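Asker: Just dropping this structure here.
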Amino acid sequence: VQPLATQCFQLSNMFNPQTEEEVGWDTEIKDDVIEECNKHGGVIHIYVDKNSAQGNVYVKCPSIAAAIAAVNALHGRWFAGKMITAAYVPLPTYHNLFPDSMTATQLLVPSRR
């Protein structure tokens, strides 16, 4: 049975720490994902996990409707011969990893203009 959408998701294949070469690369990913969410339903928490062999980025959106829109917008991308994939994460699991995300409400904006 396919998991229900939630506010929270994990992207994969967004980067490869073995090969990332640009100074500031993970901030650029953060800004890019926020920009994409800000053509949909926005975003209230994001973490680009530099350590992740799988290239994981964690996102929480302000509602399930917003998460669906972001997932459907992001899970179409390709990088370095792999598709970006998304998996919804249960709220309690996401909140255990990112306690700061539990009470988040402010929609995020990119740093770059």
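Position in the sequence shown (first residue = 1) + 417 = the deposited numbering.
Even for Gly, the Cβ is constructed at its ideal location relative to N, Cα and C.
Jot down the residue ranges of each uninterrupted beta strand (DSSP E) in the stretch 454-498, minimum 3 residues, whole runs only, in chain order.
Answerer: 462-465 and 474-477
Asker: On the three-pair Cβ rule with 8 Å, is the stretch 444-451 touching the stretch 518-530?
Answerer: Touching, yes.
Asker: Considering only residues of the same chain and omitting the five flanking positions on each side of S518, which have a CB-CB separation below 6 Å?
Answerer: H462 and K477
Asker: Identify, in the order they occur along the chain, each residue of the same chain with its Cβ nearer than 7 Å to the Cβ of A486, setting aside the five sequence neighbours on each side.
Answerer: Sequence-distant Cβ neighbours of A486 in its own chain, meaning closer than 7 Å and more than five residues away, are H457 and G458.
Asker: Who are the near neighbours of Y505 in its chain, counting only those whose CB is closer than 6 Å to its CB and skipping five residues on each side?
Answerer: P420, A422, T423 and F426
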